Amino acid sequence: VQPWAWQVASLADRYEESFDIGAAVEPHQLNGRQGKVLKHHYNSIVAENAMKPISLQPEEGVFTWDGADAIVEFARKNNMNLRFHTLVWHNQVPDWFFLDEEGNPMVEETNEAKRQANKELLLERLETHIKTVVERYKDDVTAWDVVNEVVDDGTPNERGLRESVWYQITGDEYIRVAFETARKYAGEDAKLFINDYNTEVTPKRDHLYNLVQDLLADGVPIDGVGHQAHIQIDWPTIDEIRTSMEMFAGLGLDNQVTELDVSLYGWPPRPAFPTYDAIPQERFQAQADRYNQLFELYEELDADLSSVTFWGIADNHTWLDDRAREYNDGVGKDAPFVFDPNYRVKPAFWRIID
């Protein structure tokens, strides 16, 4: 039996010269054992869901701030930094954004002048969303995910831009406007990130690189790249991770690791173990070596890396379980963190605290 999380050395303290140590949270976890782990180990949080666009403006002019406020309030009381996730995304985003003034989907419109008008309306709505959220949280947020996942996994067009509805209506202008608007309202000191997953692998990595270089050339205000780091034990390689961060640092950008989790499985996640208890120790050891190498690399890059956030606290709550089930007939358990479902440490903890 391993010790409780609150009887071991603080992760935040261990890395205080290098980077913040963060966790994604839900409002209901901000007390009890999760609250205790959070206060002991972390100096940054992010909302797993409560600050996504649908979570804040489910219908036009109707803003739902409670869950988000609870998280901001907890960060404040416990002296934690706060990443904002996220101003722009193609999921968890309200349908009303993308209807013309006659209530029809803007994508269906074929008249060129009406399409132009729909583009302008959508960008107007985006600016209003951003302006309202920023005015409310600018004094609490220390990093903004201004856009999330705007780069494709394939090459449907030459720039590798995800062809979501945002793209279909505005091309790349939604991305421009999101940064310009965020900078305008949050001030020159705000830290503005473009966030994505598989930032370590090609061609995606290159599309993202080109996008940011293009945008920086046009004077669009991007301060850094958020590497979600939804990774596995052997993939991507340590070198792939390094190369990516070094590339973005070469453009004068900061890096943050934003949603770190180290799956026990590959992709797709199968065969998955059906319960936590069924998971054999070898998996936790292999994960511990992986974590050791990750955080040695992070430390090596700490001049160009300001924050590392895990996409959760302890192994009792992780979006990876949803994915494990989805590919194992509704049954499966992943275990991505350095803390177990009971908030006792796992082998990976010892290997990143030394």
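Position 1 is the first residue in the sequence shown; the rest follow in order.
Across the two stretches, 319-327 and 52-60, the PDB entry reports the greater mean Cα temperature factor for 319-327. Between 62-70 and 304-312, the higher mean Cα B-factor belongs to 62-70. Of all the options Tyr265, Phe193, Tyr197, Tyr174, the entry's greatest CA B-factor is assigned to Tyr265. Residue set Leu253, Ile241, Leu87, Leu121: peak C-alpha B-factor at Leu121 (per PDB entry). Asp13: CA B factor lies in the lowest third for its chain, per the PDB record.
Remark: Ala5 belongs to the middle third of its chain, ranked by C-alpha B-factor as recorded.
Among the modelled residues of the chain, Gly226 sits in the lowest third by CA temperature factor in this PDB entry. Remark: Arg83 belongs to the lowest third of its chain, ranked by C-alpha B-factor as recorded. Per the PDB record, residue ranking by Cα B-factor puts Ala286 in the middle third of the chain.
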